[PDB]
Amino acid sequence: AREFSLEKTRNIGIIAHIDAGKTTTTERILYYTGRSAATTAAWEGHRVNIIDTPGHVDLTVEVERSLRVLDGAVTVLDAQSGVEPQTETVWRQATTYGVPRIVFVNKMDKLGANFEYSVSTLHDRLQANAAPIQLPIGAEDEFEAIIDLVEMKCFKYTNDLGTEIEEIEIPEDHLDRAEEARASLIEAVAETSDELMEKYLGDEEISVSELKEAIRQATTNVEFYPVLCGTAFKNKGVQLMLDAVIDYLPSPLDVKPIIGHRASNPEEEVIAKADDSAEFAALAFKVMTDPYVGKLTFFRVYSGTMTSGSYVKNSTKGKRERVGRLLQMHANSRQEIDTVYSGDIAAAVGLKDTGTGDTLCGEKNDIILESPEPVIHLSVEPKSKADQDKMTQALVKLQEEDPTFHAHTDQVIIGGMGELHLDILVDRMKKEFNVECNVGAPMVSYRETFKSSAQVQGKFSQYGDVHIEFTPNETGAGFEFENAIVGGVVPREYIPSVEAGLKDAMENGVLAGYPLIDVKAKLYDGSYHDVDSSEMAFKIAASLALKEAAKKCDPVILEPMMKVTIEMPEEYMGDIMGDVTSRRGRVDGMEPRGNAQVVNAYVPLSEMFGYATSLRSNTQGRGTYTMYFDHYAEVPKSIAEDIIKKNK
């Protein structure tokens, strides 16, 4: 029987930069809530789950995931420099996923500390509706009290230990400032609420509570972001902000159910809401390994209820998993339980076949809450044979933790989604798994394809034969083999053996030696013997076909194209281009947001090396970009001729 009720639960995570005072803020939050990937705690008869967000925002896959894991967030800002480039890249994401937010402006105690300023940024840069529900008294050294607007009280801080908080009444000389502040607080909520609009102008006095009811309505619908203040290190306003999480930030019931499809048709939205009556469904957001307990698979349960020792479906991988004991990491402790209801988070011990992104649901049902390709790759050189063991070991494990990377042993070669991605991966090896290894330069991974069609035949004279029709496929369509054979001059016995020989012979590539893609092959005819003909020769044939095809099909080299989104001051807006159009980029569409323009562009990854270093140098620290894969494109003849000569 659950200690806490959905209504009493808060799933949160902390969106902050490092110099915003992130780590220092998390601990205070863990401490005040005490007595990691995810931590269970409590504040005031409320279950509080603090979800660890990724260490860098360039990892989109994670941040997206951790956002769906959580319900609402606490954004931490520096009291001086206001918001910063990445925090907003993440903020907009938060909104795409409809994550309620409250804002805690930290590090008030320092220099250049400007509260009424930092607040501006959310307005100016993020175009966000946010108004202080509190105001400071003093700044820098002078920082002393905090005015709570909604209840109209004040609190004095006599120590840096966060004890003996004097709860006092608002001093005169700040009385006015307090007054227009609460007044300026009460509408920003009212732009949203209706009857409150009358009540404002109509002059009716607004209650403390009835006001609270109103805000928490704005924030849980994310039309308003409450804003707070303090210094985490000196223990000021941390508690008030904790209360704030209780008052405003959503329970699992106050947000909209997570979308997902079923196991066969993945076009149905299947609803997952928090119901203990309904069938259990959950998502695994983290996997690590303890020296003692073994593999830990962390998870959140959106719908249904779960118990220790029963069986569950791992829906993503298509198998059956037997729940071991369930654990809960607390601040300082670990505690075991036999049951997981909805809206809750716990780790599971000894689930053999599970990995990050995997959806666990009940036995009967079929549901999945989540759904990859290398554009860039590295060479890795282990020393002697001593290290080489440990690496190849790691590679097996790492897959389970991050499926988003590829394994190639042909030296060993790992492709990934980017230089940053690949590094953390190498990071994890060099350090955590202790391998000493030479590491190459990032290299674009090119492809190949056919610009035209043809019909050809390989025949291996030990005898094998095929007639295949090779045609350029739709860009992105991948590879689809069609078996058109009828009479059986080629018997089924060797038929899939052809498909293999093709795949394998294409992977090698016909031009510079890069994998062959976007190509249709159809097998319309052949000739077989009954003694000599072997599954081998029927490979050598398919391969042979490919070689002849390569001669008639006008093969071409493909390079990756990225979707580059810049944002900048329009004084430089000409520059970024003469830059882009020097990069073989082309600019498609643009839209303004607030006082800056968002430039959308398409650029070859090959031309994108050292871009951030030319973004700042031109715009003087003002510009910011994002990038991700879009499509493969045909390399220009002059460039392509070189890649050939190289690999030759």
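So that there is no doubt, residue numbering starts at 1 and follows the sequence shown.
A.B. asks: I'd like to know the size of any gap between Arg35 and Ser36, counted in deposited residues with no coordinates: none, 1 to 3, 4 to 9, or 10 or more.
C.D. replies: Per the deposited record, the segment joining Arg35 and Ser36 lacks coordinates for 10 or more residues.
A.B. asks: Indicate whether the chain is continuous between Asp410 and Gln411 or, if not, how many deposited residues are absent from the coordinates: none, 1 to 3, 4 to 9, or 10 or more.
C.D. replies: The entry has a gap there, with 4 to 9 residues left out between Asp410 and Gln411.
A.B. asks: Pick between 250-258 and 235-243: the one whose mean CA B-factor in the entry is higher.
C.D. replies: In the deposited entry, the stretch with the higher C-alpha B-factor mean is 250-258.
A.B. asks: On average, are the C-alpha B-factors higher in 149-157 or in 389-397?
C.D. replies: Per the PDB record, 389-397.
A.B. asks: Considering only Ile468, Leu135, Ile495, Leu283, which residue's Cα atom bears the greatest B-factor as recorded?
C.D. replies: Each of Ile468, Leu135, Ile495, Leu283 was compared by C-alpha B-factor; the highest is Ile495.
A.B. asks: Can you pull the Cα B-factors for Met329, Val510, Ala188, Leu378 from the entry and say which is highest?
C.D. replies: Answer for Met329, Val510, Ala188, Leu378: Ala188, with the highest C-alpha B-factor.
A.B. asks: When the modelled residues of the chain are sorted by Cα temperature factor, does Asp52 land in the lowest, middle or highest third?
C.D. replies: Lowest third of the chain for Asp52's C-alpha B-factor.
A.B. asks: Comparing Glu64 with the other modelled residues of its chain, is its CA B-factor in the lowest, middle or highest third?
C.D. replies: Middle third by C-alpha B-factor.
A.B. asks: Could you say whether, by C-alpha temperature factor, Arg320 belongs to the lowest, middle or highest third of its chain?
C.D. replies: For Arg320, whose C-alpha B-factor we compare with every modelled residue in the chain, the answer is the highest third.
A.B. asks: Splitting the chain's C-alpha B-factors into thirds, which one does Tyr572 fall into?
C.D. replies: Highest third of the chain for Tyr572's C-alpha B-factor.
A.B. asks: Please say which third, lowest, middle or highest, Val74 falls into when its CA temperature factor is compared across its chain.
C.D. replies: Its C-alpha B-factor, which the entry lists for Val74, ranks in the lowest third among residues of this chain.
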